[PDB]
Amino acid sequence: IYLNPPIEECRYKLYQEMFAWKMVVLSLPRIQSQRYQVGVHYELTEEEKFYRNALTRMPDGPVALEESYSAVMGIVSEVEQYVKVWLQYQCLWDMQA
Amino acid sequence: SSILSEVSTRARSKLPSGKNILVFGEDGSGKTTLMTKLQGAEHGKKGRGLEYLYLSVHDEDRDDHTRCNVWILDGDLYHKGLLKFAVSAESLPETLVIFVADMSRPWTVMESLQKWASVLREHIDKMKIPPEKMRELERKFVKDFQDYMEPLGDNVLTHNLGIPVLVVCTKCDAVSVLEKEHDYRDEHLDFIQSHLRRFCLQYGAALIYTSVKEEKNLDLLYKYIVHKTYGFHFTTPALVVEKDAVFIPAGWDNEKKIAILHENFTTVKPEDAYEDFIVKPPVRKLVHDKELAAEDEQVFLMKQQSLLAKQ
């Protein structure tokens, strides 16, 4: 019994999906006065240029992230258990009756 | 029922899986690049919070495929509650941790070390491990440390979690860059080497120098991590001959092996504070222009009243 995608894919692809759903709102460039305020003569840092501080600004706190990850591994664990049930069929080719 | 006994007892040859190697560290340290390059891809994508990497490990001697769980974690202390999701009691016995020491910023290495010193053990105690299992895994790790062959002491593993602990330091290609641009003395390199060796000895940790730019020790890193998490054959000796790339096997470090490193440098005694010896990197960015507040009507009007009264 082979998993053409390994069970780790079930969580990896979902993490990619949630990261995309985070970047769609997080990768927004940050509004700045640097357009004419050239006095800050320095390449704009990624954490400030790309507005990567939103996660610290959760109105409900990090509980949203905790809820998300809890849901993620709950789904992954239940589906892994279901697959493991299928792996219990492996004995059908290697037994001694 | 009776199935889950009969079918389960029919077990064949296999390789242990479900191993949980965890990496936290300071954000922006190239950690994502490090573990993606170790995975094989040049670089994945960065982000926030915990991320999933599966480390496909193949044993060509046995011709099998196994995947280990690399879960890189963001350096934000605000994102510290999710570590409960990373480490569980079931996964606990097969947990291995790696430090990401961005040597481009040596100043922030040791306090990040103590940052983990707080975070990792507050996590491990807040999960309420039974003392018996904690003690047994601690003594197992201690004896595994003791049987190194290619020890005992006052501070050896004086405080640790009884699990295989790794530390690596990246951006090794830039040590020369800071060697020339910062006039960073080689005695400073020797001092930081002694200090990291002391920390790894008091925790039973192993350090390897690495640089994705130089593609240095990456094969050694893979060999060591697979040998540790699985028990594979290991043959690489203690690479400590050159200071450019140093590999310290778990158990190789000794107190006199750090005294000999102390001997070479004599500028300032190693007993000094970490941040005192290394030069602080000054802040470049200027403070924003002060607020040009306008005097409001009330105090200005009363001031003008006073002015007219003086007349």
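Residues numbered from 1 in each chain as written, not as in the entry; some residues may be left out. Chains lettered and ligands numbered in written order. Part of a larger assembly, values for the part shown. Heavy atoms only, no water.

- Taking the PDB entry as the reference, chain B is identified by name as Cytoplasmic dynein 1 light intermediate chain 2 belonging to Homo sapiens.
- Listed as the entry title in the PDB record is "Full-length human dynein-1 in phi-like comformation bound to a Lis1 dimer under Nde1-Lis1 condition".
- Here is the UniProt Subcellular location comment for chain B, exactly as written: "Cytoplasm, Cytoskeleton".
- Listed under Sequence similarities in UniProt, the entry text for chain B is "Belongs to the dynein light intermediate chain family." (UniProt positions renumbered as here; feature names shortened; annotations may be inferred.)

- Going by the PDB entry, chain A carries the name Cytoplasmic dynein 1 heavy chain 1 and comes from Homo sapiens.

## Focus on the pattern of salt bridges
1) Next: Applying the stated rule across the entire model yields 13 salt bridges over all chains.
2) Next: Ionic pairing is found between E8(A) and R67(B), a salt bridge with its closest N-O pair at 3.6 Å. Placement of the pair is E8(A) in helix 1 (residues 7-26) and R67(B) in strand 3 (residues 64-72), with the two residues belonging to separate chains.
3) Next: We note a salt bridge from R52(A) to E47(A), for which the minimum N-O separation is 3.1 Å.
4) Next: Of the residues examined, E47(A) reaches a relative accessible area of 32% and is grouped as partly exposed. (Salt bridge = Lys/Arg side-chain N within 4 Å of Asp/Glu carboxyl O. Helix = DSSP H or I, 4+ residues; strand = E, 2+ residues; numbered from the N terminus. Buried < 20%, exposed > 50% of the residue type's maximum accessible area, 1.4 Å probe, protein only.)

## Here we look at the packing of helix 4 (residues 109-126) of chain B against helix 7 (residues 186-203) of chain B
Residues and elements named next belong to chain B.
1) Next: Helix 7 packs onto helix 4 with a crossing angle of 15 degrees between their chain directions and a minimal axis gap of 11 Å. The orientation of helix 4 with respect to helix 7, classified from their angle, is roughly parallel. Helix 4 and helix 7 meet at a crossing whose hand is left-handed. Across from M110, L113, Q114, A117 and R121 in helix 4, the residues of helix 7 making contact are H195, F199 and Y203.
2) Next: Its residues assigned to classes, the contact of helix 4 with helix 7 shows 5 nonpolar, 2 polar and 1 charged. (Axes fitted to C-alpha atoms, helices over the stretch in contact; angles between N-to-C directions. Parallel < 35°, antiparallel > 145°, perpendicular 65-115°, else oblique. Left-handed = near helix turned anticlockwise from the far one by under 90°. Contact = heavy atoms within 4.5 Å. Nonpolar A, V, L, I, M, F, W, Y, C, P; charged D, E, K, R; others polar.)

## Examining the nonpolar core
1) Next: Counting residues in each nonpolar core, the largest one holds 60 residues, and the members touching the most others are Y69(A), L50(B) and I278(B).
2) Next: When residues of this core are assigned to their parent elements, the largest contribution, 6 residues, is made by helix 7 of chain B.
3) Next: If you look at the next biggest cluster of nonpolar residues, it comprises 30 residues, including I72(B), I98(B), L218(B) and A250(B). (Core = buried A, V, L, I, M, F, W, Y, C linked by side-chain atoms within 4.5 Å.)

## What to know about a nonpolar patch on the surface
1) Next: A cluster of nonpolar side chains, contributed by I1(A), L3(A), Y82(A), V85(A), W86(A), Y89(A), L92(A) and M95(A), occupies part of the molecular surface with about 830 Å² of accessible area.
2) Next: On the secondary structure map, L3(A) appears in the segment before helix 1. (Patch = residues over 30% accessible without salt bridge, like charges linked within 9 Å, V, L, I, M, F, W, Y side chains within 5 Å. Areas by Shrake-Rupley, 256 points an atom, 1.4 Å probe, with all protein chains shown as cover.)

## Details of the interface of chain A and chain B
1) Next: Between chain A and chain B, the residue contacts involve 31 residues of the former and 25 residues of the latter.
2) Next: Between chain A and chain B, roughly 2600 Å² of surface is buried when both sides are summed, and carbon and sulfur atoms account for 59% of that area.
3) Next: Three residues, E8(A), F19(A) and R52(A), lead the burial of chain A against chain B; their summed loss comes to 21% of the area buried on that side.
4) Next: At the boundary of chain A with chain B, the tally comes to 1 salt bridge.
5) Next: The interface formed by chain A and chain B includes 7 residue pairs in polar contact.
6) Next: At the level of elements, helix 1 and helix 3 (63-87) of chain A are the ones that each hand at least two residues to the side of chain A that touches chain B.
7) Next: Of the residues forming the side of chain A that touches chain B, the biggest block, 10 residues, is contributed by helix 1 of chain A. (Buried area = accessible area lost by both parts, 1.4 Å probe. Polar contact = N/O pair within 3.5 Å; in protein donor to acceptor, adjacent residues only side chain to side chain.)

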